[PDB]
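Q: Here you go, one structure.
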C-alpha cells in the first residue's frame, strides 16, 4: 500500500506570504506515456466536510481562487499558496488515486502567524 | 444546489450492528459513483468502501472487508451502509462522498456529506 | 394470364455438379478502413447480406455428350436448378457490437429518478449483441427489400425545423453487403435520425432492410424466389430511455400532475436492448442439402439467361477476433506497448446440382416468351440494370462435371434419388 | 477415377470383439507441472483432443479357425471396423477456467456516465466456463484441423512496428493433447496476441483448432473420417472492453464529437464472456453403441495398415477436483497451514467389433491399390509420416476373441444383427 | 407510476411514504397471439364499477 | 355468411417494434441535444386473403 | 417476515442478530394444476404435532 | 513463461484455484421416474431376473 | 466455507488472503434420480488417498 508522507509539519505562515507543503509517496505515481500524476489536494475546515482544491496535481477546480498552485512529478509534489489570507487557515491533505486502496496523507495544519 | 444528508448514527454495544443512509437532493444520482470515508475523532481521513454508478461492483478496505457492506437505491436516490460485528475502533464520523467520473470513477471527490457520528462502547 | 414453366419446358436426364470451392472474406466488423489512397481493409460482418451471382456456361455452346439427341434449329437449351448445399466453416459464436457514445438517458427497468435535469450530451458507452437470424433464398433475380424512408413533402405549408418527417415504405433491391435488421427496426437510419448516436456503429450510418415476402409471393411469373427458409429469435434484455426535446407532450387528461421536482415530466421514449438466447447445433440450416422439388410459384427452378442468385444471412457464426501487436517492450507491462485490432472472417463453400432442359419454340411459345422476357429470345441467336449493382460473382463456366459419384453432394443426390 | 471399396474388397462372417479396458489419466488442468528433470505431472484437461491410435494384430500372421477357405498366395486380408462404443466414467460436471491477470477494463452491458482513461496495468482476476462441445470421429488417418495464423509478408516496404499482422488459414494434423475452440476463436493465441493476457491460462500460450470438415469431406479417398458426431452450444453472459491504444480509430463521419467530459471517445473493442448452458444426461452422445453401415466417402470402414484412429472431445465431464494438504497445525485456523492443489482425472473404455475381409490381387486391382497406397502393397510381404506426431497408443494384438456373448457389447451386436 | 419499494429481496425498513413518490417505469407486456373469425362481432368481458 | 358480412378479429403482439425518429432544429458544435426532437411511431402491415 | 441474510452470492461474516430483524418480503409460489373426480371427498395428508 | 509480469501491487499474482457453485435447473412433474411401474422384459446380462 | 472472491465480476488487486476469511454460504445441489435393481449390493467408485 502506497504510504503518503507530508514532509512539512504543521507550519504557521506570516500575513501576506507564500506557503509551501510537500507530499511524497513510496512509489512512483507518474504514468510516462500520458504524463499524468495521480494526485489530488483537499482542504478541510474545522467542523465541516473537506473541500477539493487541486486534481491531476496541476489542474484547479471551478470557484477555487487562483492564489493556490500545485506542482511536482514522480514521487515529489508541492502545493503553494501564493498569498495568505485569514480564510485559508485549514488542514490540507494529499491523496493518491493511482492504485487501490486509495490512501490519504497524514494531513498538514496551516494556520496564520 | 446539490445536497447530501446523512442519518443513522448513535450509540451501539460492541458486536452489534448499525445502518447509515445518505440522501442526495439536486443530483442525477444514477451517473456518479460514490463512497464512504471514515474519520476518527482527532485523526486523519481514511477510505472505507466504494460502489459503482449502477451498483454492480463494490470495493472495500482490508480492515473493513467482511463486516461492512455498501448498497445503492437509485429509484429512491439513497446510499446505504450496513455495519456488522462492530468494534471499539470504529467510533468515528462518517462521510458520504461523490466521485467525479461515472462508470467506476476516478478516485477524487467533488461534494461531501455533512457526516454522521457512530459510537461503539458501553 | 400466366402459365407455369412445367407447361412449356421439357426435362432431360442429364445432371451436372458444380462447386465454387472455398471462399473467404476477411475484414473489419464495423466500418471499412480506407487510408488516403483507397480502401485497403473492407467491411466484413456476420450481419450482412451475402448475394452470390452464379454464372453458368451457355448450354447451347457448351459441348454436350450428345449433340444428336436434340434439333439444333427448332430447339434451345437452358439450365434448370435441381439441388444445392451451402457450407459454412469456422466455429459457432456470437458477435458483440455497440457505440462509444450512444443515446441512453436512464435505466427504467428497476430505476426511475426525479432528481436533477438532463444536461447536454448524456451519452454512454454501450455494448450488446443483436437478434439471432438465419435465412436462405434462391432465385433468378435479386430479391426485393422493404424499409422505411423519409417521404416527399408536397406543395403545402412550409414545415418548421424539427417537425416529424413523413414516412414512406420504400422497396428496393437487396445488394451485396447490405445489412439486416437487428431488432431496432427496418429504416434508413441515415435519413430518419440526425444525431448519429442512437444505434450501434455498424448500422448508424447505413440502411437496414427486411425481405419483402408478400410482394415477392404476389409476383405473377415467380422469378424472384423459388425457395426460402428463415429462422429468427430474440428477447428484450434491458429497457432504457432516450434524451432530447419531446416532440409530442403527454395529454393533460392521461395523468395527474405532480409538484416540486415532479412537475417536469420525464422523457417518454422507451427503447430496449435485443438479445439472442442460445446457439445450438440442432437449429442450424446450413451444411444440409435441400432438394428443390416443387416451386412455390410458376417458375419451377428454371434459370433464364444463365444466371442464378443465392441470398444468405447467417449470424450464428459471428465471432469478432481480437489481435494484438507489440510496439515496444518495457520493464513491467505498460499499456502503451500494445495495439489492438478487430477482425472478422467468413468462409463458404457453395455446391449445386443442375439439370438440362430444352424448349420447343413454336409460335405461341415464342409470343409468350417475348411477352414474359424479351432478353431470353434476343439471346437465342444489351443494357441490364445488374450492370451497376454490386454482387459477389461466382463463375462456374469451367467447373461442370458429370462424374457425379466423385463429389460429396453427388453421392448424396445419387443415394437420395435411389437410381 | 476412384472406385468404391465395395468392389475389390469382399467381407466374411468372421466377427471379432476387442476392448481397451479402463484407461486413466490424472494431471493438472491448466499447465503441465515439471521439475528440473521433466514433466512429473502431465497436463490433463477436459478441453483437449483425445486421439487414440489403436494397433491391431496382422490378419495374415495370427491364428485362424481354418485356412482352407482363403488362398494365401493369391489373396490377402485386412481388418474392417463394424461397430464401436466409447464409455466414460466419473459424474457429469462443469470445468472453470480463468486468468489471474486478464485484460478487462469496463463492463459495458449496463452502466452510467463516463470514466477516465486506462492507466498502466489495469488487469483483473477473472474466471468463467467455456462453450459446451462434444464430438467423436473415427478414421484410418489422423484428422485435419484448421486455424488462423500470422502470415509472411513478401518483398515490399518494411512494415513499421505495431501493424496488424496478415492472416492465413493453416491446415495441420490434430495430435493428442491439442486444445479445442472455446468461443473465443479458432486461432493461434501465442503468435497473434503478444501481451499474453487476453484469454485464460489454458489457451493463452497454445493453438486452438477446429475440425476441418469441408476438406476432409473433399478428400478423393476419404480415409480421414469414416463417421463423425458433434454437438455444440453456448451463449453470451457478459460484455466488456479492452485496454490499449486503438489501431484503427472510429471514422470522423460516423460519430458526432462531444465536449467536456464526453470528449475523449472510449474504447470500442468489445468482447463477451462465453458460457455453456445447462448440462444434462439426455443430450449425451457416449455410452451408446454405433453401427457403421454406410460411410460418407468411398472407404467403407476398411482399415489399411493395421491401425485405426479415434478422436474424442467431451466437455460434459470436466470437474476439477480440489485437494488440500496440511503443512502444520495451529491453535485457531491459521490460513498458512494448508496447501491447495488442483487435479483433473479422466477415464475411458473403448470397445470395438471388427470383421475380417479379403482382397483378390489381380493385375489391375494391384495397380489400383499401388496408385492409392504404396505402403499397403509394400507391407504384404520404412519411415512412417507419424514419426514426430503424438498419439495415445492402445495395443489390441492379444485382445481379439470370437466369444461375442461373453462381453457386454457382443450381446448388443447379436441382438442388432440377429445371427 | 405508483411504485414504492422493491420487495423481491429487501433489507431493513427505510421508512414510510411521503406525498408523490412516483417513478419512471418501463416494461414489456404479456405475449399473445389470437385470431377469431365469425359473422358477428365478438363479445368481450371485463370488470366494471357496480 | 349471412347478410354478405364477415368479421375477422386479430391480435398479434409478436411484431410490435416502436420505431424512434429524430429531427434537427439547429446545428451546434458539440452535440447540444436541445437541437434534436424525438418522435415515436408504430406501423402495422396486413394482407388478408380468403 | 423472518429472514436475516442473503447467502447466495454475498461475501461477509455472520453477525449476531439483535431483536426483531424482520423485513417486508414478497414472492410467488410453485405452479400447480390438479383435477380429481370421485364419490367421496378426497383425503389429504399433512404433518402435525404428535 | 505463461504471463507477463506486472508491477506495483500487481507484482504478487493472485490465487488461481477456481471453483463454482452447482445448481439444478427446474423441478417438474413430467420428468419424474417413480410412481410408474416397470416391467423387466429382458435383462442386459446373462442373469434374467433370477 | 473457504471462499475468497467472486471472480465473475471482481479481481481488484487491492488485498491478500489473510487468516480465516471464511464466509457463510448456501446453495442447492446437482439434480439426480437413480433406480437400480440387483441381487447383490451395487458397487461404487471414488477417489481416495494413495
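Chains as they are written, first to last, in the deposited numbering: chain H, 1 to 113; chain E, 1 to 52, 52A, 53 to 82, 82A to 82C, 83 to 118; chain B, 19 to 399, 433 to 470; chain A, 19 to 399, 433 to 470; chain D, 120 to 169; chain U, 321 to 370; chain S, 120 to 169; chain Y, 271 to 320; chain W, 120 to 169.
Where a beta carbon is used, it is the ideal one built from N, C-alpha and C, also for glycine.
How many Å lie between residue 210 of chain A and residue 341 of chain B at the Cα?
A: As a first step, residue 210 of chain A must be located in the fourth chain, where it is residue number 192. As a first step, residue 341 of chain B must be located in the third chain, where it is residue number 323. Each residue's Cα considered, the two are about 6 Å apart.
Q: In chain E, which residues lie less than 8 Å from residue 294 of chain B when you measure between Cβ atoms?
A: Locating residue 294 of chain B in the third chain gives position 276, where the first residue counts as 1. Within 8 Å Cβ-Cβ: nothing; residue 294 of chain B doesn't reach chain E, min ~23 Å.
Q: Counting only runs of 3+ residues fully inside the segment 103 to 141 of chain A, write out the beta strand (DSSP E) ranges in chain order.
A: The qualifying runs are 115 to 121.
Q: Output needed for residue 462 of chain A: all residues of its chain with C-beta closer than 8 Å, excluding positions within five of it in sequence on either side, in chain order.
A: By one-based count along the fourth chain, residue 462 of chain A stands at place 411. So the list reads 455 and 456, once near-sequence residues are dropped.
Q: To the nearest angstrom, how far is it from the Cα of residue 243 of chain A to the Cα of residue 333 of chain B?
A: The residue labelled residue 243 of chain A in the question sits at position 225 within the fourth chain. The residue labelled residue 333 of chain B in the question sits at position 315 within the third chain. Cα to Cα, the separation comes out at about 28 Å.
Q: Locate the alpha helix (DSSP H) running through residue 464 of chain B, then write down its first and last residues.
A: Here residue 464 of chain B refers to the residue found at position 413 of the third chain. 459 to 468 is the span of the alpha helix (DSSP H), which, as asked, contains residue 464 of chain B.
Q: So, residue 82 of chain W versus residue 61 of chain E, is the Cβ gap smaller than 7 Å?
A: As shown, chain W starts at 120 and ends at 169. That puts residue 82 of chain W outside it, with no answer to give.
Q: In whole angstroms, what separates the C-alpha of residue 3 of chain E from that of residue 109 of chain E?
A: Within the second chain, numbered from 1, the residue matching residue 3 of chain E stands at position 3. Within the second chain, numbered from 1, the residue matching residue 109 of chain E stands at position 113. Straight-line Cα distance between these residues: approximately 7 Å.
Q: At a Cβ cut of 9 Å, what residues of the segment 79 to 110 of chain H count as close to chain Y, listed as they run along the chain?
A: Cβ contacts with chain Y: 98, 99 and 100.
Q: Could you tell me whether the Cβ of residue 147 of chain W comes closer than 7 Å to any Cβ of chain Y?
A: Looking up residue 147 of chain W in the ninth chain gives position 28. Answer yes: the Cβ-Cβ gap between residue 147 of chain W and chain Y drops below 7 Å somewhere.
Q: Who pairs with residue 358 of chain A in a beta bridge, going by DSSP?
A: Position 340 of the fourth chain, counted from the first residue, corresponds to residue 358 of chain A. Answer is A:342.
Q: Based on Cα-Cα distance, which residue from D:130, D:144 and D:139 lies nearest to residue 123 of chain S?
A: As a working mapping, residue 123 of chain S is identified with position 4 in the seventh chain. Looking at the Cα atoms, D:130 is the closest of the given residues.
Q: Is residue 74 of chain E close to chain D? Criterion is C-beta to C-beta, closer than 7 Å.
A: Counting from one through the second chain, the residue named residue 74 of chain E turns up at place 75. Yes, residue 74 of chain E lies at the interface with chain D (some Cβ there is under 7 Å from its Cβ).
Q: When DSSP labels each residue in this structure, what does residue 47 of chain B get in the three-state scheme?
A: Position 29 of the third chain holds residue 47 of chain B. Note: residue 47 of chain B maps to coil in three-state DSSP.
Q: Beta carbon of residue 442 of chain B, beta carbon of residue 194 of chain B: below 7 Å?
A: Along the third chain, read from residue 1 onward, the residue named residue 442 of chain B stands at position 391. Along the third chain, read from residue 1 onward, the residue named residue 194 of chain B stands at position 176. Their beta carbons are under 7 Å apart, which means residue 442 of chain B touches residue 194 of chain B by this criterion.
Q: State the start and end residues of the unbroken alpha helix (DSSP H) segment that holds residue 232 of chain B.
A: Taking the first residue of the third chain as position 1, residue 232 of chain B is located at position 214. Segment 231 to 236, the alpha helix (DSSP H) holding residue 232 of chain B.
Q: With DSSP run on the structure shown, which of helix, strand or coil describes residue 349 of chain A?
A: Counting from 1 along the fourth chain, the entry for residue 349 of chain A is found at position 331. The answer is coil: DSSP assigns residue 349 of chain A none of H, G, I, E or B.
Q: Is residue 31 of chain H close to chain A? Criterion is C-beta to C-beta, closer than 7 Å.
A: Reading the first chain from its first residue, position 31 is the one you call residue 31 of chain H. By this cut-off, residue 31 of chain H is an interface position.
Q: What residues of chain E sit near residue 65 of chain H, judged by a beta carbon separation below 9 Å?
A: Within the first chain, residue 65 of chain H is the residue found at index 65, counting from 1. Per Cβ cutoff of 9 Å: no residues; residue 65 of chain H is ~17 Å from chain E at best.
Q: With respect to the alpha helix (DSSP H) encompassing residue 397 of chain B, which residues constitute its N-terminal and C-terminal limits?
A: Here the question's residue 397 of chain B lines up with position 379 in the third chain. Here the alpha helix (DSSP H) through residue 397 of chain B covers 392 to 397.
Q: Of all the beta strand (DSSP E) runs that stay within the bounds of the segment 275 to 301 of chain B, which reach a length of 3 or more residues?
A: Correct list: 288 to 293.
Q: Under a Cβ-count criterion, where at least 16 other Cβ atoms within 10 Å of its own Cβ denotes burial, should residue 338 of chain B be classed as buried or exposed?
A: Mapped onto the third chain, residue 338 of chain B falls at position 320. So residue 338 of chain B counts as buried.
Q: Give a yes or no on whether the C-beta atoms belonging to residue 27 of chain B and residue 45 of chain B are separated by under 7 Å.
A: Within the third chain, the letter at position 9 stands for residue 27 of chain B. Within the third chain, the letter at position 27 stands for residue 45 of chain B. No, these two residues do not count as a Cβ contact at 7 Å.
Q: Are any of the Cβ atoms in chain S nearer than 7 Å to that of residue 50 of chain E?
A: For the purposes of this step, residue 50 of chain E is taken as the residue at position 50 of the second chain. Not an interface residue.
Q: Does the Cβ-Cβ distance between residue 168 of chain B and residue 294 of chain B come in under 7 Å?
A: What you label residue 168 of chain B is simply residue 150 of the third chain in a count that begins at 1. What you label residue 294 of chain B is simply residue 276 of the third chain in a count that begins at 1. No, these two residues do not count as a Cβ contact at 7 Å.
Q: Residues of the segment 85 to 98 of chain E with a CB closer than 7 Å to any CB of chain A: list them in chain order, please.
A: So the list reads 97 and 98, given in the order they occur along the chain.
Q: Counting contacts by CB-CB distance shorter than 7 Å, is residue 346 of chain B in contact with chain H?
A: For the purposes of this step, residue 346 of chain B is taken as the residue at position 328 of the third chain. Taking Cβ atoms only, chain H never reaches closer than 7 Å to residue 346 of chain B, which makes this a no.
Q: Run through chain Y and tell me which residues come within less than 9 Å of residue 152 of chain W, C-beta to C-beta.
A: Residue numbering aside, residue 152 of chain W sits at position 33 when the ninth chain is read from its first letter. Here the neighbours are 301, 302, 303 and 304.
Q: For residue 29 of chain E, name the three-state secondary structure that DSSP assigns.
A: Working through the second chain from its first residue, we reach residue 29 of chain E at position 29. Coil, per DSSP.
Q: Counting only Cβ pairs nearer than 8 Å, list the residues of chain W close to residue 127 of chain S.
A: Against the seventh chain, residue 127 of chain S aligns to sequence position 8. Result: 145 and 146.
Q: Using the beta-carbon of each residue, which ones in chain H are nearer than 7 Å to residue 133 of chain W?
A: Position 14 of the ninth chain holds residue 133 of chain W. Result: 100 and 101.
Q: For the candidate residues D:137, D:162 and D:152, whose alpha-carbon lies nearest to that of residue 277 of chain B?
A: Taking the first residue of the third chain as position 1, residue 277 of chain B is located at position 259. Among D:137, D:162 and D:152, the Cα nearest to that of residue 277 of chain B is on D:137.
Q: So what does DSSP say about residue 440 of chain B, is it helix, strand or coil?
A: Residue numbering aside, residue 440 of chain B sits at position 389 when the third chain is read from its first letter. In this structure, residue 440 of chain B counts as coil in the three-state DSSP scheme.
Q: Taking 7 Å as the threshold (beta carbon to beta carbon), is residue 163 of chain D in contact with chain U?
A: Locating residue 163 of chain D in the fifth chain gives position 44, counting from the first residue. For residue 163 of chain D, the answer is no, since every Cβ of chain U falls outside 7 Å of its Cβ.
Q: Rounded to the nearest angstrom, what separates residue 163 of chain D and residue 164 of chain B at their Cα positions?
A: Within the fifth chain, the letter at position 44 stands for residue 163 of chain D. Within the third chain, the letter at position 146 stands for residue 164 of chain B. Residue 163 of chain D and residue 164 of chain B: Cα-Cα distance of roughly 36 Å.
Q: Along chain W, in chain order, which residues have C-beta atoms closer than 9 Å to that of residue 351 of chain A?
A: Within the fourth chain, the letter at position 333 stands for residue 351 of chain A. Within 9 Å Cβ-Cβ: 138, 139 and 141.
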